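The chain below stands alone and is given as structure tokens, in the form deposited in one PDB entry.
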């Protein structure tokens, strides 16, 4: 897998962000995470505020597609997003602001990594695991 640069256009909510990728605007859906939705579930506004902060204060945003299907049926890009080298997908799960989702069409490269972060958040009874 390789990381490619992108530019923040707009944070939408916990699991979705609009980025300029290779010249055009695109909506991305974070791989392997399910965050509470604001469109308003419990912790939904916290999860979206958390990612908004990460995206807006970053010097560099990068997107990493996995080896499976790269867009869902709604036309969203499916990827791991990094803010200053830190994976947002991972940070959400570790902070207990998202659960690890079921693998979608072969996109499982970092599933183990996220599974471990989630077990730890669970042990610490963080947010959603309260």
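Numbering follows the first chain given and starts at 1.
This next part talks about the form deposited with a small molecule bound, which is not shown.
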Whether 46, 93 and 129 all lie within 4.5 angstroms of the small molecule in the deposited bound form by heavy atom: no
Heavy atom of residue 29 within 4.5 Å of the small molecule in the deposited bound form: yes
Proximity of residue 73 to the small molecule in the deposited bound form, heavy atoms at 4.5 Å: yes
Partner contact for residue 34 in the deposited bound form: the small molecule, 4.5 angstroms, heavy atom: yes
The small molecule contact at residue 15 in the deposited bound form, heavy atom, 4.5 Å: yes
Candidate stretches 46-54, 101-109, 80-88, 59-67 - the one whose heavy atoms come within 4.5 Å of the small molecule in the deposited bound form: 101-109
